[PDB]
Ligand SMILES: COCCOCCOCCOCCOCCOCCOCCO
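Quick setup: one chain, the form solved without the ligand, written in structure tokens, and binding and motion questions come after.
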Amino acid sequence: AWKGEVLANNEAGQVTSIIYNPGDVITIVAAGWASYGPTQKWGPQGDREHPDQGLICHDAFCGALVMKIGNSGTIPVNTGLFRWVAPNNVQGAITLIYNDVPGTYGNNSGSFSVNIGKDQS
């Protein structure tokens, strides 16, 4: 398993020690508070009221937690994933990323705390 934090201000994200392999079942739980610029903070689902003006992941809200597995495209994580198997082909290290518009991370603040583990399969 892996525990750690993802900073809202880091366009490169946080690499983990979890290597996702074909067939793996994983569980992720995410918590905490972050902002993409405003004084308000949101949880790991982000801001449901904010439009997409060029986010790295178009399938989650601005301010959400997302990931990449190897050199996949972005995959939504939000509050987490329960006994989840990847939409197929994907493989590699899990990198966690805060969803914002590239070039605009400089006004971001806060972080998410994240646990990941592999399940029975």
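If you superpose the two forms and keep the largest set of C-alpha atoms that fall within 1.5 Å, you have the rigid core. Start at 1 with the first residue shown and count on from there.
Participant: Is 87-95 or 37-45 the stretch whose C-alphas end up farther from this model in 9 other deposited structures of this protein after a rigid core fit?
Facilitator: Clearly, after the core fit, the stretch farther away in 9 other deposited structures of this protein is 87-95.
Participant: Using only C-alpha atoms and the B-factors in the entry, which stretch averages higher, 27-35 or 70-78?
Facilitator: On average, C-alpha B-factors are higher across 70-78.
Participant: State which stretch shows the higher mean Cα B factor in the entry: 58-66 or 82-90.
Facilitator: According to the PDB entry, the answer is 82-90.
Participant: Using the B-factors in the PDB entry, rank residue 8's C-alpha atom against the chain and give the third, lowest, middle or highest.
Facilitator: Its C-alpha B-factor belongs to the lowest third of this chain's values.
Participant: Within this chain's modelled residues, let me know which third the CA B factor of residue 14 belongs to: lowest, middle or highest.
Facilitator: Highest third of the chain for residue 14's C-alpha B-factor.
Participant: If you rank the chain by CA B-factor, which third does residue 109 end up in: lowest, middle or highest?
Facilitator: Middle third.
There is another form of the same protein, the form solved in complex with the ligand; it is not shown, and what comes next is about it.
Participant: Would the ligand be touched by all three of 56, 72 and 97 in the deposited complex, meaning a heavy atom each within 4.5 Å?
Facilitator: The answer is yes; 56, 72 and 97 each reach the ligand.
Participant: Although the ligand is absent from this view, report whether residue 11 comes within 4.5 Å of it in the deposited complex, heavy atoms only.
Facilitator: Looking in the deposited complex, residue contacts with the ligand include residue 11, since a heavy atom lies within 4.5 Å.
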